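Q: This structure is in structure tokens; I'll ask about it shortly.
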Amino acid sequence: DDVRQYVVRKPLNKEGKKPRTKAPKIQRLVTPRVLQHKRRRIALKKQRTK
RNA sequence: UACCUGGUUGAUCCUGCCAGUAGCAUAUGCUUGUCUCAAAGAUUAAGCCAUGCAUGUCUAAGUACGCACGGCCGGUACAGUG
């Protein structure tokens, strides 16, 4: 199930500006970038043994 | 430039120290147009201190839901500045 689906969103309704909603940056979220970093670390191990 | 002048005796020479003389430091006095460098609360009290300042710091790369601002496109977690 998707954690990013269920984020607690915060409204923002101040006069003189457009009413908008903010959401936080989710931490400890698996993304392609952390997986790419993991692959890079294992690659560094590979070249060191070679 | 390895230089001298004077002072004891009625007069001569000498030992001898002193005064003058030149440099360096500090202080001070009088005077003082221009320009270039430039020391400067050590000496006496490592005495005592009013007030202000003398040490802070962010990149693409630790943490951003402060609308403090700010475009989306709209379920697009997080634009970006901060």
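In the structure tokens, each chain is lettered A, B, ... as it comes, each chain's residues begin at 1, and ligands are numbered from 1 in order of appearance.
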Step one, run DSSP on the backbone; step two, keep only residues of chain A assigned to strand (DSSP E); then write them as JSON, numbers by chain.

A: {"A": [10, 11, 12, 20, 21, 22]}

Q: With chain B as the partner and 10 Å as the cut-off, tabulate the residues of chain A that qualify, each row holding the nearest pair of atoms and their distance in Å to one decimal, using only C-alpha atoms (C1' of nucleotides), sorted by chain and rising number, as a tab-separated table.

A:
residue	atom	partner	partner_atom	distance
A:3	CA	B:77	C1'	9.0
A:4	CA	B:77	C1'	5.7
A:5	CA	B:75	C1'	8.0
A:6	CA	B:77	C1'	9.5
A:7	CA	B:77	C1'	7.1
A:8	CA	B:65	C1'	9.3
A:9	CA	B:65	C1'	7.9
A:10	CA	B:65	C1'	6.5
A:11	CA	B:65	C1'	9.3
A:12	CA	B:67	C1'	7.2
A:13	CA	B:67	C1'	8.6
A:14	CA	B:67	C1'	7.3
A:17	CA	B:67	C1'	8.0
A:18	CA	B:67	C1'	9.2
A:19	CA	B:67	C1'	9.2
A:20	CA	B:67	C1'	8.6
A:21	CA	B:65	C1'	8.9
A:22	CA	B:65	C1'	5.6
A:23	CA	B:65	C1'	5.4
A:24	CA	B:65	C1'	4.7
A:25	CA	B:78	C1'	4.4
A:26	CA	B:77	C1'	5.6
A:27	CA	B:77	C1'	9.2
A:29	CA	B:77	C1'	9.1

Q: Would you list the contacts of residue 18 in chain B as a list in words, taking every protein, DNA or RNA residue within 12 Å and counting only C-alpha atoms (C1' of nucleotides), but skipping same-chain residues closer than 5 positions in sequence?

A: residues 6, 7 and 8 of chain B

Q: May I ask for the distance between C1' of residue 29 in chain B and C1' of residue 43 in chain B, given in Å to one decimal place?

A: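 It comes out at 23.0 Å.
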